[PDB]
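So this first bit is one chain, no partners, the form solved without ligand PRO, shown in structure tokens.
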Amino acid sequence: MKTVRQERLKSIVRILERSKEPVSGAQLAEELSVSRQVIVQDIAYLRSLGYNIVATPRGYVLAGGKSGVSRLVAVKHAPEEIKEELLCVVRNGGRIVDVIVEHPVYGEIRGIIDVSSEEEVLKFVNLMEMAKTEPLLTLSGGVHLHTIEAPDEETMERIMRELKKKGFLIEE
């Protein structure tokens, strides 16, 4: 059944994310009441969808901390909307890893953001406002990319929906 499987896949992702240590396929099989082989197939499927799962000798590993899935998002906004954009992403369950923006000298520059909570967003903005350099998001008409991570596709989808509602997304 399609629904039975969607439920098992969601559980696998949650179990792997919650766990600090690797979780063996035998344990996932025991915990989900399916054969070891069903787990091998589920994991291959989850990976082809984008889940950053790795099979190590001691078990499957999938980073908790909202880093299950990753995606490049094309957005467009002024430097003053940075806070709004980050809050929109962290409040919806994800994290912003970095920013890529075209530059007239270096082709493109990649900067680090690394925020996954409202407090980190506020520390980033505060930190940014206290600094005295030229803004980067003034470059390229405000067009830039962000690598966004999320616990799962459902969450990633919610994040894209919200960014769209705020008019940040570039769509063509």
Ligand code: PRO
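Counting begins at 1, following the sequence as shown.
- According to the PDB record, 150-158 carries the higher mean C-alpha B-factor of the two stretches 150-158 and 8-16.
- Just going by the entry, 118-126 versus 46-54 on mean CA temperature factor gives the higher value to 118-126.
- Looking only at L32, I109, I112, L139, the residue with the top Cα B factor in the deposited structure is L139.
- Residue-level temperature factors show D98 in the lowest third of its chain, judged at the C-alpha atom.
- For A63, the recorded CA B-factor ranks within the highest third of the chain. Only modelled residues enter the ranking.
- For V143, the recorded CA B-factor ranks within the lowest third of the chain. Only modelled residues enter the ranking.
- When the modelled residues of the chain are ordered by their C-alpha B factor, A26 lands in the lowest third.
- For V105, the recorded CA B-factor ranks within the middle third of the chain. Only modelled residues enter the ranking.
FYI, the form solved in complex with ligand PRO isn't displayed, but the following is about it.
- Proximity to ligand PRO in the bound PDB entry holds for none of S24, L28 and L32, with the criterion being a heavy atom within 4.5 Å.
- The partner is absent here, but in the bound PDB entry a heavy atom of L46, alone among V121, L46, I39, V69, sits within 4.5 Å of ligand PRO.
- At the 4.5 Å threshold, heavy atoms of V13 reach ligand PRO in the bound PDB entry.
- Taking the partner from the other structure, ligand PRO in the bound PDB entry has no heavy atom within 4.5 Å of any heavy atom of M156.
- Taking non-hydrogen atoms only, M160 never approaches ligand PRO to within 4.5 angstroms in the bound PDB entry.
- None of the heavy atoms of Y60 is located within 4.5 Å of ligand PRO in the bound PDB entry.
- Residues from 50-82 that approach ligand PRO in the bound PDB entry with a non-hydrogen atom within 4.5 Å are limited to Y51.
- Annotated hinge between the shown form and the other one: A63, selected from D98, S35, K76, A63 as the site between the two rigid parts.
- Between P151 and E30, the Cα spacing is larger in the bound PDB entry than in the shown form, differing by no less than 3 Å.
- Put simply, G65 and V121 spread apart in the bound PDB entry: their C-alpha atoms are 3 Å or more farther than in the form shown.
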